[PDB]
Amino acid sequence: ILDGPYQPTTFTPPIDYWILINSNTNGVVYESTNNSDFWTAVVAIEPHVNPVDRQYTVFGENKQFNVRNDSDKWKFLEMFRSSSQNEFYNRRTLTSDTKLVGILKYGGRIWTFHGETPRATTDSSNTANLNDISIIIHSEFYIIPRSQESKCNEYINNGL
């Protein structure tokens, strides 16, 4: 039933499908932008990390993020900005022991999971141009139709 795994790649995800990414390291998980008003990059932080500056490559630039993780689970930090000129800030956080992150393009919005597993839930983000939001995925990933979102939710919160 499950479509994947797909190799890391760059493409424009179709409307109405969940992209489910299997993180495998403490780097950038994915970067997403439409190059007009929406830039999101998600960074993985391994458990038990005392506050520290780390350097990440996002959208072709070297950026320094102050980062922390007191949990025994992994933290996936959504870093967002709406213009190349603003600094990134941590918009949302997903705390997970399954290392799965999800993103959906639907109904003019970007949907992702946040909170802590196994009770993580979806939240939405606005944009002036949803269709052109493209993504660079640095891990294996799966494609799941929105029709089977309950299945995507189960994965995010319990594993594959």
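All residue numbers refer to positions in the sequence shown, first residue = 1.
Looking at the deposited entry, does 98-106 or 45-53 carry the larger mean Cα B-factor? That would be 45-53.
Which has the higher mean CA temperature factor in the PDB entry, 21-29 or 136-144? According to the entry, 21-29 carries the higher average C-alpha B-factor.
From the list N69, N34, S124, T40, select the residue with the highest C-alpha B factor recorded in the entry. Highest CA B-factor of the listed options: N69.
Mind checking which third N129 falls in for C-alpha B-factor across the chain? Lowest third - that is where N129 ends up once the chain's C-alpha B-factors are sorted.
Compared with the other modelled residues in the chain, in which third is the CA B-factor of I156? Lowest third - that is where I156 ends up once the chain's C-alpha B-factors are sorted.
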